[PDB]
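1. In their complex positions, the first chains:
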Amino acid sequence: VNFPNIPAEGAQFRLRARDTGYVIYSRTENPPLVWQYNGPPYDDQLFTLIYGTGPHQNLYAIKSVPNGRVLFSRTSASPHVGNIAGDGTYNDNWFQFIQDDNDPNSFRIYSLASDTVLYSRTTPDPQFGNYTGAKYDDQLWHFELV
């Protein structure tokens, strides 16, 4: 089931992991360019959604407020999770927000392209990335409107 509370197109938000409380950032300098962060609110943690239409219906691109790049999640090459210019040129720029079946207030950030979800954990390494497999709590996210 699609997450029922997806931010309106163009509305800005942070993506915060339910359990770690860490947020995703997407920046242009100092790798990793996309990772998780536990610290002050900064602009590179701010995103908006591009609403998919046509074959992208019920999918979304996740666009950085300060730099305009969209997220990608892939398994073809490292890094698995990163950013790229544009507004969803590539298939792995498109995400589904899938409501958790036990906690209706959180969702997974799912890639149809790579059949992965994003995760945030404190251990083991890598502490942030994407994953194909069972439904763990460390895959659960919130939208945090700003």
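-> Arrived safely, thanks for sending. Numbers count the residues shown, from 1 in each chain, chains lettered A, B, ... in the order given.
2. What are the boundaries of the strands in chain A?
-> Per DSSP state E, chain A carries strands over the ranges A:13-17, A:23-26, A:34-37, A:47-51, A:60-64, A:70-73, A:81-84, A:95-99, A:107-111, A:116-120, A:128-131, A:141-145.
3. buried sites along stretch A:54-68?
-> Going by neighbour count (16 or more other C-beta atoms under 10 Å), the buried part of stretch A:54-68 is A:56, A:59, A:60, A:61, A:62, A:63, A:64, A:67. Bear in mind the C-beta positions are built from the backbone N, C-alpha and C, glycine included.
4. And the residue nearest the centre of chain A?
-> Nearest residue to the geometric centre of chain A (C-alpha atoms, centre = their mean): residue A:109, 5.4 Å.
5. Pretty sure residue A:96 sits against residue A:115.
-> No. Judged on C-beta atoms under 8 Å, residue A:96 makes no contact with residue A:115 at a distance of 10.9 Å.
6. quick one, which of those two is more surrounded?
-> residue A:96 (17 against 13; other C-beta atoms under 10 Å).
7. include chain B too:
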Amino acid sequence: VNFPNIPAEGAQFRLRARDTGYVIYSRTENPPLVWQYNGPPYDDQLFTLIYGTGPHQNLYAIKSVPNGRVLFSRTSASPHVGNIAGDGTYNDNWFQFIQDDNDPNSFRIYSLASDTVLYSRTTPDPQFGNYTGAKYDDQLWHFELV
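-> Below, chain B sits with the chains from the block before:
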């Protein structure tokens, strides 16, 4: 996780429900044109897959062997589940085969367009159709290669 054993493109198969053991048919006369069936093998129970490309990656159109129509699964009009010509012209002609997280040998037939899965049950009515909500075993299917 996508079902790991999706029939090769162009290979033929029946779609059989795990619990009821009923098969899907897709025909051109005598409504319902797409429904479930408990009886002898007939050609209108035979399907092949069109493999989704580009924005349809990891999605599939389910095409009838004898009549060539593709399945649809929608919530926009009645009937919810049916067939149509055009080799996947409409978004609701595209399906993801999602492995069950407890039974690795079955999958759900999921519509990204309508956020529904196909189900098969003996009761209550409607006995066959689509559904958005919790996971139930009557949503689970097998590919039966011919």
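8. please look at the buried residues of stretch A:54-68 again, because chain B has been put in.
-> Within stretch A:54-68, the residues that count as buried by 16 or more other C-beta atoms under 10 Å in any protein chain shown are A:55, A:56, A:57, A:58, A:59, A:60, A:61, A:62, A:63, A:64, A:67.
9. Compute the distance between residue A:19 and residue A:60, please.
-> Using C-beta to C-beta, to the nearest Å, residue A:19 is found at 23 Å from residue A:60.
10. cool, residue A:14 as well?
-> The gap separating residue A:14 from residue A:60 is 15 Å, by C-beta to C-beta.
11. can you pull the contacts of the residue nearest to residue A:142 when sequence neighbours are not counted?
-> Distances taken as C-beta to C-beta, 6 or more residues apart in numbering or on different chains put residue A:16 closest to residue A:142, at 5.0 Å, once the chain neighbours are dropped. Neighbour list for residue A:16: A:22, A:23, A:141, A:142, A:144 [criterion: C-beta atoms under 8 Å, 6 or more residues apart in numbering or on different chains].
12. if we go to 7 Å?
-> Residues in contact with residue A:16, defined by C-beta atoms under 7 Å, 6 or more residues apart in numbering or on different chains, are A:23, A:141, A:142, A:144.
13. Spatially nearest residue to the residue of chain A found nearest chain B (excluding sequence neighbours)?
-> Closest approach between chain A and chain B, counting by C-beta to the nearest C-beta: residue A:55, at 3.7 Å. Residue nearest to residue A:55 in three dimensions, not counting chain neighbours: residue B:55, with 3.7 Å by C-beta to C-beta, 6+ apart.
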